[PDB]
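Shown below, as structure tokens, is a lone chain in the form deposited in one PDB entry; questions about how it binds or moves come after it.
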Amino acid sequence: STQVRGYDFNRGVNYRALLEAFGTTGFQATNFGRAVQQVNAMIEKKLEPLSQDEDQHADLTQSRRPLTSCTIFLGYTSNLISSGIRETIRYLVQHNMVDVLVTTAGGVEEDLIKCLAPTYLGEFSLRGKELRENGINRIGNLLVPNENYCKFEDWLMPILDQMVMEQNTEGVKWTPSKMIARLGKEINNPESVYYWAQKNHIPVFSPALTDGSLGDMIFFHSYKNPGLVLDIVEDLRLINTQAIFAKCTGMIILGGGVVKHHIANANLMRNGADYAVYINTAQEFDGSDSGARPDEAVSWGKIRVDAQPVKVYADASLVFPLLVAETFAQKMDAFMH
């Protein structure tokens, strides 16, 4: 029976002790402490060696990425790539700390665009009329000048030209995940999440990749250079096989919608994830998948019955850097080659 007790600042500002104290502070501070424990359990599983039998079964993917004792799926909505959590996610991917990424179209394109031009701080209350008259697009309390997307068009159209040519003369069958690997190779910039993902053979799934600026560009491009196909069926096999042949899986899901459901549904194919942390502000009462508690996923078989999943009800821009500080960042040496 653990007693409630908050950090005592009479001790001074001892940051690690202050963070450790969230576990006995209560409400979402305690859920944060539980999330640190769940993620550290994923990491300590991941670093355990594969036995001969485990290695046999897990080798049954055709994937270039070396397999580990715990395959970690990291999912996040577009807004988090607009935010500075882009840097947090880039770090994890750069150091091979996670194994599969799932994001929406915005979460791909805004990473690449930030390599061409920055996003700026604003306010939620800025009025749409005056912004639109000035070509400034609003993302929460962030601002993206539309010139950013004009730079994106310039950068992307030559790649689209090459992709159709490789499709039609070299037999390439494009999928969202194959396109995202190509885009990461092209951006060729170490600040980019997708640069490191393709370098480290970390696949990125985004079944609705046409829902965004990338879609705008493909759409415009298709009038002059018709026939690009993006197949989502092959990518469904690819993500599902990541779960099916894992020794263990963990899910770290930031936000809701397709990124949350698609990771969870893949893990149903192995009868459930072993570890899971949600971080989002959605609420269950309207029945949405976004606001469903981890225990709903247990009824489907998406999380194992014997798992101890946790949801932190909070804006991930506040807690995800703190979570990484207390978990992956303390084990960085183990992830380096």
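Take the two forms, superpose them, and find the largest set of C-alpha atoms that agree within 1.5 Å; that set is the rigid core. Residues that one form lacks are left out of the comparison. We number the residues from 1 along the sequence you see.
Below, we turn to the form deposited in another entry, even though it does not appear here.
At a threshold of 2 angstroms on the CA positions, core aligned, which residue out of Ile252, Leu183, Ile263, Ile113 shifts between this form and the one not shown?
With the rigid core superposed, the residue that stands out is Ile263.
Superposing on the rigid core, I want to see if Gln308 changes position between this form and the one not shown - specifically a Cα shift of 2 Å or more.
Shift of 2 Å or more: yes.
With a change of at least 3 Å, which way does the C-alpha separation between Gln37 and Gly257 go in the other form: closer or farther?
Relative to the shown form, the pair is closer.
Just to spell it out: taking the C-alpha atom of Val310 and the C-alpha atom of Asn267, is that distance smaller or larger in the other form than in the structure shown here, given it changes by 3 Å or more?
It is farther: the C-alpha separation of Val310 and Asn267 rises by at least 3 Å in the other form.
Taking only residues present in both forms and a 2 angstroms threshold on CA movement, what segments of three or more in a row shift between this form and the one not shown once the core is aligned?
After superposition, residues 257 to 269, 303 to 309 shift as runs.
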